[PDB]
$ cat input_23.cif   # mmCIF, N, CA and C atoms
data_run
#
loop_
_atom_site.label_atom_id
_atom_site.label_comp_id
_atom_site.auth_asym_id
_atom_site.auth_seq_id
_atom_site.Cartn_x
_atom_site.Cartn_y
_atom_site.Cartn_z
N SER A 711 -11.36 -17.62 22.32
CA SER A 711 -10.46 -17.49 21.14
C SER A 711 -10.96 -16.42 20.18
N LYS A 712 -10.35 -16.36 19.00
CA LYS A 712 -10.74 -15.38 17.99
C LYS A 712 -10.55 -13.96 18.52
N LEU A 713 -9.58 -13.78 19.41
CA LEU A 713 -9.30 -12.47 19.99
C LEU A 713 -8.09 -12.53 20.91
N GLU A 714 -6.98 -13.06 20.39
CA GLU A 714 -5.75 -13.17 21.17
C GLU A 714 -4.62 -13.74 20.31
N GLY A 715 -3.81 -12.84 19.75
CA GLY A 715 -2.70 -13.27 18.92
C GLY A 715 -2.86 -12.83 17.47
N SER A 716 -3.52 -11.70 17.26
CA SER A 716 -3.74 -11.18 15.92
C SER A 716 -4.50 -12.18 15.06
N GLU A 717 -5.63 -12.65 15.57
CA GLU A 717 -6.46 -13.61 14.85
C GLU A 717 -7.76 -12.98 14.39
N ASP A 718 -7.68 -11.71 13.99
CA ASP A 718 -8.86 -11.00 13.52
C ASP A 718 -8.93 -11.03 12.00
N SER A 719 -9.82 -11.87 11.50
CA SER A 719 -10.02 -12.02 10.06
C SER A 719 -8.69 -12.12 9.32
N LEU A 720 -8.12 -13.32 9.30
CA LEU A 720 -6.85 -13.56 8.62
C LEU A 720 -7.06 -13.76 7.12
N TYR A 721 -8.27 -14.15 6.75
CA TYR A 721 -8.61 -14.38 5.35
C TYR A 721 -9.20 -13.12 4.71
N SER A 722 -9.67 -12.20 5.55
CA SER A 722 -10.26 -10.96 5.06
C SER A 722 -9.29 -10.20 4.16
N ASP A 723 -8.00 -10.47 4.33
CA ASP A 723 -6.97 -9.82 3.54
C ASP A 723 -7.01 -10.29 2.10
N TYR A 724 -7.38 -11.55 1.91
CA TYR A 724 -7.46 -12.14 0.58
C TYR A 724 -8.55 -11.47 -0.25
N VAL A 725 -9.55 -10.91 0.42
CA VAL A 725 -10.64 -10.23 -0.25
C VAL A 725 -10.22 -8.84 -0.67
N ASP A 726 -9.80 -8.07 0.32
CA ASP A 726 -9.35 -6.70 0.11
C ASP A 726 -8.40 -6.60 -1.09
N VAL A 727 -7.53 -7.60 -1.23
CA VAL A 727 -6.57 -7.61 -2.33
C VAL A 727 -7.27 -7.67 -3.68
N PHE A 728 -8.47 -8.23 -3.68
CA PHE A 728 -9.26 -8.35 -4.91
C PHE A 728 -9.95 -7.03 -5.24
N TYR A 729 -10.14 -6.19 -4.23
CA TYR A 729 -10.79 -4.90 -4.41
C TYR A 729 -9.83 -3.88 -5.04
N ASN A 730 -8.54 -4.18 -4.99
CA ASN A 730 -7.53 -3.29 -5.55
C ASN A 730 -7.53 -1.95 -4.83
N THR A 731 -7.68 -1.99 -3.51
CA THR A 731 -7.69 -0.78 -2.70
C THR A 731 -6.67 -0.86 -1.57
N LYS A 732 -5.91 0.21 -1.39
CA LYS A 732 -4.89 0.26 -0.34
C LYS A 732 -4.17 1.60 -0.34
N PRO A 733 -3.58 1.99 -1.49
CA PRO A 733 -2.85 3.24 -1.62
C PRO A 733 -3.73 4.39 -2.09
N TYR A 734 -4.37 5.06 -1.14
CA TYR A 734 -5.25 6.18 -1.46
C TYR A 734 -4.55 7.51 -1.19
N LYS A 735 -3.67 7.52 -0.20
CA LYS A 735 -2.93 8.72 0.16
C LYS A 735 -1.47 8.63 -0.29
N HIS A 736 -0.83 7.52 0.04
CA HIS A 736 0.57 7.31 -0.33
C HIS A 736 0.91 5.82 -0.33
N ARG A 737 1.03 5.24 0.86
CA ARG A 737 1.35 3.82 1.00
C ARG A 737 2.78 3.54 0.54
N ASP A 738 3.03 3.69 -0.75
CA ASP A 738 4.36 3.45 -1.31
C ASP A 738 4.92 4.72 -1.94
N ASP A 739 5.84 5.37 -1.24
CA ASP A 739 6.45 6.60 -1.73
C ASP A 739 7.21 6.34 -3.03
N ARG A 740 6.49 6.40 -4.14
CA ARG A 740 7.09 6.17 -5.45
C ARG A 740 6.80 7.34 -6.39
N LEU A 741 5.56 7.81 -6.39
CA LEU A 741 5.15 8.92 -7.24
C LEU A 741 5.97 10.17 -6.93
N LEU A 742 6.14 10.46 -5.64
CA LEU A 742 6.90 11.62 -5.21
C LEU A 742 8.37 11.48 -5.57
N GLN A 743 8.95 10.33 -5.23
CA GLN A 743 10.35 10.06 -5.52
C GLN A 743 10.65 10.21 -7.01
N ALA A 744 9.62 10.08 -7.83
CA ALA A 744 9.77 10.20 -9.28
C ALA A 744 9.98 11.65 -9.69
N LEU A 745 9.38 12.57 -8.94
CA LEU A 745 9.49 13.99 -9.24
C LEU A 745 10.87 14.53 -8.85
N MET A 746 11.43 14.00 -7.77
CA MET A 746 12.74 14.43 -7.30
C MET A 746 13.82 14.08 -8.32
N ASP A 747 13.62 12.97 -9.01
CA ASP A 747 14.56 12.51 -10.01
C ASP A 747 14.55 13.42 -11.24
N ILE A 748 13.40 14.03 -11.50
CA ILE A 748 13.25 14.92 -12.64
C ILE A 748 14.27 16.06 -12.60
N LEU A 749 14.62 16.49 -11.40
CA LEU A 749 15.57 17.57 -11.22
C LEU A 749 16.99 17.03 -11.02
N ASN A 750 17.12 15.72 -10.87
CA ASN A 750 18.42 15.09 -10.67
C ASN A 750 19.34 15.35 -11.86
N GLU A 751 18.76 15.39 -13.06
CA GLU A 751 19.51 15.63 -14.27
C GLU A 751 19.14 16.97 -14.89
N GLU A 752 18.91 17.96 -14.03
CA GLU A 752 18.55 19.29 -14.48
C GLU A 752 18.90 20.34 -13.43
N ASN A 753 20.16 20.74 -13.39
CA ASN A 753 20.62 21.74 -12.43
C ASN A 753 20.83 23.09 -13.11
#
$ encode --input "input_23.cif" --output "structure tokens"
Amino acid sequence: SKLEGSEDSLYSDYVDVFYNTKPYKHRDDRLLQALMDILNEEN
């Protein structure tokens, strides 16, 4: 066991969430989408 069915550290996620680390490159395309809007009302 412990290696069949995505059973690799299921609780390890609870820790990482406490580190506040995940979006280092992008993860959630929000910052970029914000710049596109800047020109939405400026033609």
$ atom_distance --input "input_23.cif" --atom1 "atom CA of residue 729 of chain A" --atom2 "atom CA of residue 713 of chain A"
25.6 Å
$ atom_distance --input "input_23.cif" --atom1 "atom CA of residue 740 of chain A" --atom2 "atom CA of residue 720 of chain A"
28.0 Å
$ select_by_dssp --input "input_23.cif" --residues "chain A" --states "helix (DSSP H, G or I)" --output "VMD selection string"
chain A and resid 722 to 729 741 to 748
$ atom_distance --input "input_23.cif" --atom1 "atom CA of residue 715 of chain A" --atom2 "atom C of residue 735 of chain A"
29.2 Å
$ decode --input "input_23.cif" --residues "segment 729-749 of chain A" --atoms "N, CA and C atoms" --output "mmCIF file, in the first residue's frame"
data_model
loop_
_atom_site.group_PDB
_atom_site.id
_atom_site.type_symbol
_atom_site.label_atom_id
_atom_site.label_comp_id
_atom_site.auth_asym_id
_atom_site.auth_seq_id
_atom_site.Cartn_x
_atom_site.Cartn_y
_atom_site.Cartn_z
ATOM 1 N N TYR A 729 2.277 27.319 4.477
ATOM 2 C CA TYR A 729 3.495 27.988 4.030
ATOM 3 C C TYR A 729 3.173 29.174 3.124
ATOM 4 N N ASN A 730 1.948 29.209 2.606
ATOM 5 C CA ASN A 730 1.521 30.290 1.725
ATOM 6 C C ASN A 730 2.358 30.315 0.450
ATOM 7 N N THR A 731 2.645 29.131 -0.084
ATOM 8 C CA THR A 731 3.437 29.015 -1.303
ATOM 9 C C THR A 731 2.704 28.179 -2.348
ATOM 10 N N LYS A 732 2.692 28.666 -3.585
ATOM 11 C CA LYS A 732 2.026 27.963 -4.678
ATOM 12 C C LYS A 732 2.168 28.728 -5.987
ATOM 13 N N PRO A 733 1.726 29.997 -6.009
ATOM 14 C CA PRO A 733 1.785 30.834 -7.199
ATOM 15 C C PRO A 733 3.072 31.647 -7.284
ATOM 16 N N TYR A 734 4.109 31.045 -7.859
ATOM 17 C CA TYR A 734 5.398 31.711 -8.002
ATOM 18 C C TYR A 734 5.583 32.235 -9.422
ATOM 19 N N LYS A 735 5.001 31.532 -10.388
ATOM 20 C CA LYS A 735 5.103 31.926 -11.789
ATOM 21 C C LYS A 735 3.787 32.516 -12.286
ATOM 22 N N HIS A 736 2.693 31.803 -12.036
ATOM 23 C CA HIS A 736 1.373 32.257 -12.458
ATOM 24 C C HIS A 736 0.280 31.604 -11.618
ATOM 25 N N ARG A 737 0.033 30.322 -11.871
ATOM 26 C CA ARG A 737 -0.988 29.575 -11.141
ATOM 27 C C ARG A 737 -2.387 30.070 -11.496
ATOM 28 N N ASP A 738 -2.696 31.299 -11.095
ATOM 29 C CA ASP A 738 -4.001 31.888 -11.373
ATOM 30 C C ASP A 738 -3.862 33.137 -12.237
ATOM 31 N N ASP A 739 -4.163 32.996 -13.524
ATOM 32 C CA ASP A 739 -4.072 34.113 -14.457
ATOM 33 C C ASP A 739 -5.019 35.238 -14.053
ATOM 34 N N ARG A 740 -4.553 36.103 -13.159
ATOM 35 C CA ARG A 740 -5.359 37.225 -12.688
ATOM 36 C C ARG A 740 -4.619 38.545 -12.878
ATOM 37 N N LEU A 741 -3.338 38.556 -12.528
ATOM 38 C CA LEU A 741 -2.518 39.755 -12.659
ATOM 39 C C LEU A 741 -2.467 40.224 -14.110
ATOM 40 N N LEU A 742 -2.261 39.282 -15.024
ATOM 41 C CA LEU A 742 -2.190 39.599 -16.446
ATOM 42 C C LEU A 742 -3.539 40.088 -16.962
ATOM 43 N N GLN A 743 -4.593 39.340 -16.653
ATOM 44 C CA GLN A 743 -5.941 39.698 -17.085
ATOM 45 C C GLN A 743 -6.317 41.102 -16.618
ATOM 46 N N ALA A 744 -5.655 41.573 -15.567
ATOM 47 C CA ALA A 744 -5.927 42.899 -15.028
ATOM 48 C C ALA A 744 -5.362 43.989 -15.933
ATOM 49 N N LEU A 745 -4.255 43.686 -16.603
ATOM 50 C CA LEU A 745 -3.616 44.644 -17.495
ATOM 51 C C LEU A 745 -4.404 44.802 -18.794
ATOM 52 N N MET A 746 -5.001 43.709 -19.262
ATOM 53 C CA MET A 746 -5.779 43.736 -20.494
ATOM 54 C C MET A 746 -7.004 44.627 -20.342
ATOM 55 N N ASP A 747 -7.543 44.652 -19.136
ATOM 56 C CA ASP A 747 -8.719 45.455 -18.834
ATOM 57 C C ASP A 747 -8.389 46.944 -18.855
ATOM 58 N N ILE A 748 -7.146 47.267 -18.529
ATOM 59 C CA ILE A 748 -6.695 48.655 -18.500
ATOM 60 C C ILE A 748 -6.908 49.339 -19.844
ATOM 61 N N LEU A 749 -6.791 48.569 -20.914
ATOM 62 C CA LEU A 749 -6.966 49.097 -22.257
ATOM 63 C C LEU A 749 -8.399 48.902 -22.754
#
